[PDB]
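S.K.: For reference, the structure I am asking about is given below.
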Amino acid sequence: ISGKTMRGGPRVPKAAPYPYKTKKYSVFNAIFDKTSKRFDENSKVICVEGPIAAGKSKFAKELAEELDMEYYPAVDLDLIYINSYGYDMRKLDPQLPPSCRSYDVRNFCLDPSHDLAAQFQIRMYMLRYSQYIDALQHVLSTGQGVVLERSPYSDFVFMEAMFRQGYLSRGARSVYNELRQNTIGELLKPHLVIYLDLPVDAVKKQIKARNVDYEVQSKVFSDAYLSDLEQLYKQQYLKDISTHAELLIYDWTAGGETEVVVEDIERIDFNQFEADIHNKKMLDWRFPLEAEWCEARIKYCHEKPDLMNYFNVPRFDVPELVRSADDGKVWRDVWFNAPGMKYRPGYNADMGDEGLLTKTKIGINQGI
Amino acid sequence: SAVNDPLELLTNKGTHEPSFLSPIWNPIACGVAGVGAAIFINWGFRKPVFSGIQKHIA
Ligand SMILES: Nc1nc2c(ncn2[C@H]2C[C@H](O)[C@@H](COP(=O)(O)OP(=O)(O)OP(=O)(O)O)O2)c(=O)[nH]1
């Protein structure tokens, strides 16, 4: 909110950030370390969304730099198909059965009708969900606000747009809603959301500017498909989130300047809504007592594994998402014997890790 | 003797020699149990079972 010019200098944290990447924050940690002491005017969450290929990433980086905000790059399937040691899981796909073959954005743009599309869309929701929670931990433990490109709240638009084009089936949409309902309610909605309304014709021109191989060659980015996204952002997402978060709309800040945009944000006031307790605007982040602050911090810092275990919703009547038992055995063999997947990250000796005899530590909010 | 005196029956005499495994089975059984329990923990966390031998020794 207070840019570097307003403060005249870099952000001055109220107190030292808690090392949330390395130390857990359970109940007994909360007794000695309090949460509210670190919150500033800039302790907020910003979602910089827009249509496809609207230069959100460039705008976010510049924006997050002015407001001294942490910038979180948009999720991609490389986070699933590239392990920590850097090995590419996709190289293993010749071995795997066809149903378990790797699927990415490239594939979606090239064979959008494949049954793995329903899988692919749920993964994006799951990835955004985990990343979104990671931002909250950074906010609550460091007090520095975060800038996100696309929140999990906005992800159902792509699933809905894909459904209208007929790529998905009725079942896949039914499954997606149950996951979203089962999980979405546990997040804190963003303080501010910024939208970059590029008209439909413009984005179609803009996509060809990137000159990405598969996108230009693809057929998915049709007028109908791209039009569906526009109708979904404005009619369903933006109309809903504005009840909680401040909403700014620009034709394209990616093509425009950000210094004007930062000066637009700082004009927006975030305290007028604080007066009424039950006011919907920014309701989620209204904690009366210090206990409520710590509870939210504990939930995301210490109970994220619970948050990521709600995605277990059993639905087998849908045939697309089900993975056959015979494939699962084969897939388990190949997947978990790949270099670096034998053990948890940081223990695979064959990948060069050393000292395992005297090593006993595991990461926090780490897998396995 | 031809007599059945219950007090004689209970009273020890030192003739019996406890088996060899007797004074060591409970120590050795618990010792192996502790190590084996430590072996699960690594396995449960998908760690090399003999990694972090510190916990095994403890
Ligand atoms: N099926 C599906 N595709 C998505 C989703 N989110 C992003 N994409 C796909 C659509 C496009 O093929 C492609 C567009 O990428 P982006 O719009 O995110 O651009 P990028 O973040 O790389 O940089 P930029 O937006 O230009 O700042 O990714 C989703 O939720 N579902």
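S.K.: If I go through the range A:253-264 residue by residue, how many of them are more than 19 Å from residue A:151 (Cα to Cα) and either of a type in the set (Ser, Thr, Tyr) or surrounded by 13 or more Cβ atoms within 10 Å (Cβ to Cβ) (or both)?
M.R.: Number satisfying all stated conditions: 8.
S.K.: Can residue A:70 be described as away from the ligand (no atom under 16 Å from the Cβ), under 21 Å from residue A:150 (Cβ atoms) and in contact with a strand residue (DSSP E or B) (Cβ under 9 Å, 6 or more places away or on another chain)? Write out each step before concluding.
M.R.: Details: away from the ligand (no atom under 16 Å from the Cβ): yes; under 21 Å from residue A:150 (Cβ atoms): yes; in contact with a strand residue (DSSP E or B) (Cβ under 9 Å, 6 or more places away or on another chain): yes.
So residue A:70 passes the test.
S.K.: Residue A:54: away from chain B (no Cβ under 14 Å), in a loop (DSSP other than H, G, I, E, B) and within 16 Å of the ligand (Cβ to nearest atom), yes or no? It would help to see each step written out before you state the result.
M.R.: Details: away from chain B (no Cβ under 14 Å): yes; in a loop (DSSP other than H, G, I, E, B): yes; within 16 Å of the ligand (Cβ to nearest atom): yes.
Considered against the rule, which asks whether it is away from chain B (no Cβ under 14 Å), in a loop (DSSP other than H, G, I, E, B) and within 16 Å of the ligand (Cβ to nearest atom), residue A:54 comes out as yes.
S.K.: Okay, next question. Could you tell me whether residue A:99 is within 16 Å of the ligand (Cβ to nearest atom) and either away from every other protein chain (no Cβ under 14 Å) or not basic (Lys, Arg) (or both)?
M.R.: no
S.K.: Also, I was wondering about something else. Say we look at the range A:196-252 and pick out the residues that are surrounded by 12 or more Cβ atoms within 10 Å (Cβ to Cβ) and among the polar types (S, T, N, Q); which of these is farthest from the ligand (Cβ to nearest atom)?
M.R.: My answer is A:242.
S.K.: Please work out which residue is farthest from the ligand (Cβ to nearest atom), limiting yourself to the range A:172-191 and to residues that are farther than 21 Å from residue A:75 by Cα and crowded, with 16+ Cβ neighbours inside 10 Å.
M.R.: The extreme case among them is A:175.
S.K.: Another question, then. Here is a list: A:93, A:78. Which entry is away from the ligand (no atom under 16 Å from the Cβ) and over 21 Å from residue A:194 (Cα atoms)?
M.R.: Working: A:78 fails: away from the ligand (no atom under 16 Å from the Cβ).
Matching residue, one of A:93, A:78: A:93.
S.K.: Examine the range A:332-342 for a residue that is more than 14 Å from chain B (Cβ to nearest Cβ) and touching a residue at least 40 places away in the same chain (Cβ under 8 Å), and state whether such a residue exists.
M.R.: Yes.
S.K.: Tell me, which helices (runs of 4 or more DSSP H) wholly within chain B include 1 or more residues that are polar (S, T, N, Q) and more than 10 Å from every other protein chain (Cβ to nearest Cβ)?
M.R.: B:22-44
S.K.: Evaluate the range A:282-294: report whether one residue or more is part of a helix (DSSP H, G or I) and within 24 Å of the chain's Cα centre (by Cα). Steps first, answer last, please.
M.R.: Going residue by residue through the range A:282-294, those that are part of a helix (DSSP H, G or I) are A:290-294.
Checking which are within 24 Å of the chain's Cα centre (by Cα) leaves us with A:293-294.
Looking through the range A:282-294, at least one residue is part of a helix (DSSP H, G or I) and within 24 Å of the chain's Cα centre (by Cα).
S.K.: Hey, another quick one. What tally of residues in the range A:137-158 results from selecting those that are of a type outside the set (D, E, K, R) and in a helix (DSSP H, G or I)?
M.R.: We begin by selecting, within the range A:137-158, every residue of a type outside the set (D, E, K, R); these are A:137-148, A:151-154, A:156-158.
Within this subset, residues satisfying the condition of being in a helix (DSSP H, G or I) are A:137-142, A:152-154, A:156-158.
Selection size over the range A:137-158: 12.
Note: ideal-geometry Cβ built from the backbone for every residue, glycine included; neighbour counts use all protein chains shown. Here, each number is a calculation from the coordinates, and none is a lab measurement.
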